[PDB]
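Data block below; observations after.
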Amino acid sequence: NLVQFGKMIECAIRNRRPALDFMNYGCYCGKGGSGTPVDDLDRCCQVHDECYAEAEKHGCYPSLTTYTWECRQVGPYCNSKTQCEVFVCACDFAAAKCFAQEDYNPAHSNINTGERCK
């Protein structure tokens, strides 16, 4: 669920920035979901959106999913059981690792998505 994804980001990126930074960034970081991603970080978010949308297509509801995971020395680690929770944990896991790897450009935060993401 939302809080878990937040804690998972924090874990992956070693609390280098607030998880809240990833909620208003580029064309895809935040809720939905259009145009060309402004950079590879934003593309993390696009792939994440696609992942959730696959999950929902198959009967999961990512916003209602509370999965099982742990923050380990090596990073976030999914330890879920049911199909949906395994699927949704793995969406969040790939996005969090992606965020840890990619550059965060402050000029790409809080962009006019109305105008720049069509």
Side-chain angles (χ1 to χ4, degrees):
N1 60 38
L2 180 66
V3 161
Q4 289 174 318
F5 181 40
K7 302 169 309 173
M8 185 175 294
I9 289 162
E10 185 191 314
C11 176
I13 72 174
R14 308 179 180 275
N15 206 219
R16 284 162 74 187
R17 67 173 63 258
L20 246 8
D21 285 4
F22 300 94
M23 282 179 83
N24 182 195
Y25 185 100
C27 288
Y28 290 87
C29 305
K31 261 13 89 204
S34 65
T36 307
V38 294
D39 62 25
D40 292 334
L41 178 55
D42 204 17
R43 170 76 188 155
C44 296
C45 293
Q46 177 187 44
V47 170
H48 192 244
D49 282 1
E50 292 170 3
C51 206
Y52 275 18
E54 249 338 86
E56 301 159 9
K57 194 210 276 316
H58 289 95
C60 305
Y61 314 93
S63 84
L64 302 177
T65 302
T66 61
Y67 43 71
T68 307
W69 74 285
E70 317 151 34
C71 183
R72 280 168 175 205
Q73 173 176 19
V74 139
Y77 173 89
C78 285
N79 191 22
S80 296
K81 189 49 189 173
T82 70
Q83 292 173 8
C84 285
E85 291 171 17
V86 170
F87 197 85
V88 172
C89 192
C91 293
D92 283 4
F93 170 89
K97 295 188 72 81
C98 197
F99 293 3
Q101 296 203 342
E102 287 321 327
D103 296 320
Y104 182 102
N105 177 349
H108 285 169
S109 174
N110 194 211
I111 51 142
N112 204 311
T113 58
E115 303 156 346
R116 303 310 157 202
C117 308
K118 311 160 90 164

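Nothing fancy with the numbering, it's 1 onward along the sequence. What's counted below: heavy atoms across the whole structure, side chains too, no hydrogens, waters or symmetry copies.
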Step by step, work out the side-chain contact (heavy atoms from CB on, under 4.5 Å) result for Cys117 and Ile111.
-> CA-CA 9 Å; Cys117 308; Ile111 51 142; 3.7 Å; yes
Just do the side-chain contact (heavy atoms from CB on, under 4.5 Å) check on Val86 and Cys89 with the steps written out, would you?
-> CA-CA 5 Å; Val86 170; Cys89 192; over 6 Å; no
Would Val47 and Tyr28 satisfy side-chain contact (heavy atoms from CB on, under 4.5 Å), going step by step from the backbone distance to the final call?
-> CA-CA 9 Å; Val47 170; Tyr28 290 87; over 6 Å; no
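Here the closest heavy-atom approach between residue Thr66 and residue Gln4 is recorded as CA-OE1, 3.3 Å. Nearest approach of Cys27 to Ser34, heavy atoms of both residues: CB-O, 3.3 Å.
Checking side-chain atoms of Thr65 against main-chain N and O of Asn1 turns up no donor-acceptor pair under 3.5 Å.
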Extract all donor-acceptor atom pairs below 3.5 Å that involve side chains of residues 92-105 and protein atoms in other chains or at least two apart in sequence.
residue: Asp92; atom: OD1; partner: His48; partner atom: NE2; Å: 2.8
residue: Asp92; atom: OD1; partner: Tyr52; partner atom: OH; Å: 2.7
residue: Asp92; atom: OD2; partner: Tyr52; partner atom: OH; Å: 3.4
residue: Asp92; atom: OD2; partner: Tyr67; partner atom: OH; Å: 2.6
residue: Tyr104; atom: OH; partner: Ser109; partner atom: OG; Å: 3.3
residue: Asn105; atom: OD1; partner: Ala107; partner atom: N; Å: 2.9

Please output the side-chain donor-acceptor pairs of residues 6-16 that fall under 3.5 Å, not counting sequence neighbours, one pair per line with the distance.
none

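If you chain together hydrophobic residues whose side chains sit under 4.5 Å apart, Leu20 and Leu2 fall into the same group.
For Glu50, the side chain to side chain contact (heavy atoms under 4.5 Å, CB included) partners two or more places apart in sequence, or in a different chain, are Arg43, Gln46.
To the nearest 0.5 Å, atom CG of residue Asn110 and atom SG of residue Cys29 are 12.5 Å apart.
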